[PDB]
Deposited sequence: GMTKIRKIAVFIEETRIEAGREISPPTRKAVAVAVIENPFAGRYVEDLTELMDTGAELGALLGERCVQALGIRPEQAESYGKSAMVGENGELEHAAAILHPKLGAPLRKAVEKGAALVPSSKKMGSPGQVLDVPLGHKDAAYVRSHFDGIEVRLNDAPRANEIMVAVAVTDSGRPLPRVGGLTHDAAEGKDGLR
């Protein structure tokens, strides 16, 4: 149930007043999905763990494709999830449970709020989408840095 996928890349060529050559780069891939447990009180979150496994792989691959690198060339990784208002924080936990240690963060939010994705070699990258996550959604992110 993926409504939107978004990929953000950032290249830094000058930092602390110093020319960074080659530029250092960060990428983050984000998916907006329907939370099957929105509006509900459930204990068995298997369905979100299985969905998270596939998303991590999908978003991790989008990151490396965006940076045009092989996965072994990545310096840092991280992942986060923001649950919409009719979900629970445990839903974000579940979605982040499977392995892609890699830092992760979970938050509750609303459309347009910024999610900070940690980067463990914490540093980080901010992501947002103007219209996500809606109350019945989850916004999941995977980030990778290069160089």
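So, counting the deposited sequence from position 1, which segments are absent from the coordinates? Residues lacking C-alpha coordinates: 1-3, 104-116, 138-146, 173-194.
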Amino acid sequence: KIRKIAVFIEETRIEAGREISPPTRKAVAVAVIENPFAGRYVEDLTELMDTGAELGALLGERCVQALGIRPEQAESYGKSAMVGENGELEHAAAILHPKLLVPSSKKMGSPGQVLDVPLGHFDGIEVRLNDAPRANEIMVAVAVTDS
From here on, numbers count along this sequence of modelled residues.
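Ranked against its chain, the third holding the CA B-factor of residue 42: Within its chain, residue 42 is a highest-third residue by C-alpha B-factor, going by the deposited values.
Relative C-alpha B-factor of residue 24, binned into the chain's lowest, middle or highest third: Lowest third of the chain for residue 24's C-alpha B-factor.
Against its chain's modelled residues, does residue 128's Cα B factor rank lowest, middle or highest third? As the PDB entry reports it, the C-alpha B-factor of residue 128 lands in the middle third of its chain.
Within-chain third of residue 52 by Cα B-factor, per the entry: Lowest third of the chain for residue 52's C-alpha B-factor.
Going by what the PDB entry lists, where does residue 62 fall on CA B-factor within its chain: lowest, middle or highest third? It belongs to the middle third of the chain when residues are ordered by C-alpha B-factor.
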